[PDB]
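Novice: coords please:
(chains A and B)
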Amino acid sequence: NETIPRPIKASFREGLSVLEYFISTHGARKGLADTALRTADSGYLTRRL
DNA sequence: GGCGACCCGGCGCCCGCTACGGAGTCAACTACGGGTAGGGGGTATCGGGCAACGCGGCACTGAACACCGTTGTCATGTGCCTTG
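Specialist: Numbering: from 1, shown residues only, chains lettered A, B, ... in the order given. The coordinates are given below.
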């Protein structure tokens, strides 16, 4: 949960560079993990409710 | 000396189903004694295979009577002829 100083200046049509793709993957993997954990927590909440 | 944090234990859980891999593993010994269990051996008991022989309808046995039907049969009555 930090921010980079040099944000991605390229669109997916032009295509990201190497480091741009890497620093995007940094957030993509975290998003997938968050989705999994939120799904589990929502299921448990539904059961309790 | 009850409050107090803090500390610690101790516990409680941690979406849904299908469908989707195998793998399987390190250190005694003998003597006895019985008893059960197996085997064959022999034996009392139960189960399977055949013609008379139970029946029954009727059928024959007609035999021996019965049931009408029949032409046997008889002694006894009309009609004509002869004589009172």
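
Novice: for residue A:6, grab the count of nearby residues.
Specialist: Look at residue A:6: counted by other Cβ atoms under 10 Å, it has 8 neighbours. For the C-beta atoms, the positions are set from N, CA and C on the backbone; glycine is no exception.

Novice: how near is residue A:19 to residue A:8?
Specialist: 9 Å (Cβ to Cβ, to the nearest Å).

Novice: which one of these two has more residues nearby?
Specialist: Comparing residue A:19 with residue A:8 by other Cβ under 10 Å, the one with more neighbours is residue A:8, at 14 against 11.

Novice: so that one is in contact with residue A:18, correct?
Specialist: No - using Cβ atoms under 8 Å as the test, residue A:8 is too far from residue A:18 to be in contact (11.8 Å).

Novice: which part of chain A gets nearest to DNA strand B, residue-wise?
Specialist: Chain A approaches DNA strand B most closely through residue A:43 (2.3 Å), counting by Cβ to the nearest atom of the strand.

Novice: how many neighbours does that residue have?
Specialist: Residue A:43, neighbours per other Cβ under 10 Å, totals 10.
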